[PDB]
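Since every read-out is calculated from the coordinates, none of them should be taken as a lab result. Methodologically, a virtual Cβ is constructed for each residue, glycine included, from the backbone with ideal geometry; neighbour enumeration extends over all protein chains shown.
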Amino acid sequence: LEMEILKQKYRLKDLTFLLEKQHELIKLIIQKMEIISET
Amino acid sequence: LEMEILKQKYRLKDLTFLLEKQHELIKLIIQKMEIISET
Amino acid sequence: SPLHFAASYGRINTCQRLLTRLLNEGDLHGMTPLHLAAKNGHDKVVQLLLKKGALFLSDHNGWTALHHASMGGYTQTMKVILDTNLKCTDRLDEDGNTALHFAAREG
């Protein structure tokens, strides 16, 4: 069915956008994080 | 329908790759993180 | 508890500072620090634990550190394990599975 496939593709695109934002946030966490005992 | 399904499969593969990279990054965060008050 | 946490999460500097009743002691599931380090795929922690004379033991389900590294597909941890003791490759779990069985089943 075209409807289900296209709605799934929209959901997957939104998921990809959110995961890219999350990846950038985690990279920023690593950038700003304090590493002392495990340096 | 085949073209849409293949495009969705490619999107899912890219999402899997990104999520594996994110998982490795979060594991590294746990590796290097400071744990003092919650030891 | 601190050594188990550090081994399980790959905090190697904590492992070196904390280090043999502690090296080969399990938890309520029978997992030694080597078991947890292999399970989570920390080949450097596994290598350090092995150089301090940790023995290849079995947990409550009979799994070896090589069993736990194969279930997760951690090839580097498995290489570290296999280049020290060539006698844990064919150990048998409680249901008769080996490390090869888990690696093949998990893809």
- Task: Could you please state, rounded to a whole Å, how far the C-alpha centre of chain B is from the C-alpha centre of chain A?
- Result: 8 Å
- Note on the structure: Number of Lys pairs in the range C:18-107 closer than 14 Å at Cα, excluding neighbours under 8 places apart unless interchain, is 4
- Expected 222 nm ellipticity per residue - DSSP helices of 4 or more, -39500 (n - 2.57), all of chain C, to 500: -13500 deg cm²/dmol
- Item | 10 Å beta-carbon shell around C:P2, net charge (K/R +1, D/E -1) | +2
- Item | Qualifying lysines (Cα of each under 19 Å from Cα of B:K9; at least 8 residues distant if same chain) | A:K7, A:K9, A:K13, B:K21
- Query: Sorted from shortest, what are the nm distances separating the label point of B:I26 from equivalent points in the other copies, each placed 7 Å from Cα along Cα to C-beta?
  - Reply: 0.6
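Would the range C:64-107 count as rounded, prolate or oblate if I go by the C-alpha gyration tensor, calling it rounded below 1.5 in a/c and otherwise prolate when a/b exceeds b/c, oblate otherwise?
oblate
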- Note on the structure: Kirkwood radius from Cα pairs of chain C plugged into Stokes-Einstein at 25 °C, 0.890 mPa s, gives D in µm²/s equal to 183 µm²/s
- Task: Using only the Cα atoms of the range C:1-51, build the gyration tensor, take square roots of its eigenvalues as a ≥ b ≥ c, and label the shape rounded, prolate or oblate: rounded if a/c is under 1.5, else prolate if a/b is larger than b/c, else oblate.
- Result: rounded
- What nm value, rounded to one decimal, do you get for the distance between C:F5 and C:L19 when each label is placed 7 Å out toward the C-beta? 1.9 nm
- Project the alpha carbons of the protein assembly as shown onto their principal axes and report the range along each, largest first, in whole Å. 63, 44, 29
- Task: Could you work out how far the C-alpha centroid of the range C:28-60 sits from that of the range C:72-86, in angstrom?
- Result: 11 Å
- If you put +1 on each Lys and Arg Cβ and -1 on each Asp and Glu Cβ, how big is the dipole of the protein assembly as shown around its Cα centre, in Debye rounded to 20? 480 debye
- Task: Starting from a label point 7 Å past Cα on the Cβ side, list the distances from A:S37 to the same position in the other copies, nm, shortest first.
- Result: 1.4
- Message: Could you identify the residue of A sitting closest to the A-B rotation axis by Cβ and state that distance rounded to whole angstrom?
- Response: A:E34, 4
